[PDB]
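Here we start with a single chain on its own, the form deposited in one PDB entry, put down as structure tokens.
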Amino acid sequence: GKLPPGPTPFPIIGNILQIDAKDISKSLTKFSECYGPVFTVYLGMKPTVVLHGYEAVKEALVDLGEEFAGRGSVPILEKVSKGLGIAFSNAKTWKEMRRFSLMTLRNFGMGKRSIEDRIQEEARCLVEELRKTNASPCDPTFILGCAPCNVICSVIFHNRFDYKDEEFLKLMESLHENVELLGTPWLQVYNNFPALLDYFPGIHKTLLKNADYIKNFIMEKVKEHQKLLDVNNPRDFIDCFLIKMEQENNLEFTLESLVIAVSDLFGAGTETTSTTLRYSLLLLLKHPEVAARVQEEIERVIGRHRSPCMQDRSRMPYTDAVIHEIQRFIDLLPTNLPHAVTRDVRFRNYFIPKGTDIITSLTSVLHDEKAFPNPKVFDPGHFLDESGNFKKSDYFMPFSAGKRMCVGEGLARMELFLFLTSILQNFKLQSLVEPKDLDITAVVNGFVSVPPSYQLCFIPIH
């Protein structure tokens, strides 16, 4: 049946001159207007079928789930991850790592001390670190990145760290630097451009270094976890993992397999959560009435005394619509993470051969013009009915959908709820600039939309 149409394949180096590296998503849309929902693009002689719009995206990711459940190959990760872990693994190895991870990352999947409990504990430490800024102007980047990294640590090693902890610092930096240096609009760039490896050998050297620091950091906590292991009472990810390695015969589960899975979790759950939080505060600065209506709902449903908790979310339709609207507005991963077909598939009246790269435009869904009238305008009303009640949307897909859908989806959502309610409970946000002169436009560095730099003061309220 042949591959889908698209910007006529220029011999050798594909469509680079036709793409805007600064906003690749904007180009996929400029192409959908002229070729429809499903089209093909070239980076080299390697094709990439783009799925644009909810219909094409849901059909592929959902209805044709296992057919698209593959991950595109990346040389730098193939070296570091060795085809293991969760994010870039495939088939058997992936199937097993993902299911174990979904089972272990449930709110009450690692003992009596739940995930919510670990998040609440962290949200308390967060408020303190903000209070230590003495209400003086500051850039929240550093501390809004410490909190999510700590949530992950407690979930994995059953232990959090101090923001002044030397080791923890090197780790956050290593995790940031690696996403910052690897940051590119399309991840397949690396596999479609080998000469890039010869022009800049140092890039990969730094990546491997950080990757190995991250590995050793994780490996150390693992060796000492083995000694204190209680087979009947697993307190974290490692513990459950170390137990799966015993009386259960699985060669897929080894110490190395664990280290790589934990790196993936850190890598996938730190920067994304952090950036969303940074972007959250910024949007609350840009739209202070929203920040005030959240504070109103917080005072009314939680009060000024106790720490917020997940039960509150159901009773806080407005705050929830705010969190949904932030995730939807920022479009954290415009083009999702790259997929690939696992078998030859007939996508409608097209033919897609096993291994072909796939790219789903989440921006097309999240910003659907009909599902969200005025999709480029930030408005909590998108997730609120006429009675002020929370209103779900099939188009709310910031975490993707299908067999590959984010695995830390619950843990991230709990983080955004607890952290944002706790901050607006104890603080008022003050900007040096007035709202109309504040830039909120995203600069898509890599596969992650990052918010412009900014400072503010956290004014304690009591």
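Don't overthink the numbering: it's just position in the shown sequence, from 1. In this text, rigid core is short for the largest set of C-alphas that superpose within 1.5 Å between two forms.
- Between the stretches 113-121 and 250-258, it is 250-258 that shows the larger average CA temperature factor.
- For the segment pair 275-283 and 104-112, the entry gives 104-112 the higher mean B-factor, averaged over Cα atoms.
- Each of 453, 18, 449, 25 has a CA temperature factor in the record; the biggest one is found at 18.
- Looking only at 312, 379, 236, 167, the residue with the top Cα B factor in the deposited structure is 167.
- Sorting the modelled residues of the chain by their CA temperature factor places residue 305 in the highest third.
- Among all modelled residues in this chain, the alpha-carbon of residue 54 has a temperature factor (C-alpha) in the lowest third.
- For residue 413, the recorded CA temperature factor ranks within the lowest third of the chain's modelled residues.
- The deposited CA B-factor of residue 221 belongs to the highest third of values across its chain.
- Among all modelled residues in this chain, the alpha-carbon of residue 431 has a temperature factor (C-alpha) in the highest third.
Not pictured, yet referred to below: the form deposited in another entry.
- No residue in 348, 392, 315, 164 other than 392 shows a CA shift of 2 angstroms or more between this form and the one not shown after fitting the rigid core.
- Once both forms are overlaid on the rigid core, the distance between the two CA positions of residue 248 between this form and the one not shown is 2 angstroms or more.
- With the core held fixed between this form and the one not shown, residue 79 has its Cα displaced by at least 2 Å.
- With the core superposed, residue 17 shows a C-alpha displacement of at least 2 Å between this form and the one not shown.
- Distance between the C-alpha atoms of residue 67 and residue 78: longer in that other deposited form than here (change of 3 Å or more).
- CA of residue 398 to CA of residue 80: farther apart by 3 Å or more in that other deposited form than in the shown form.
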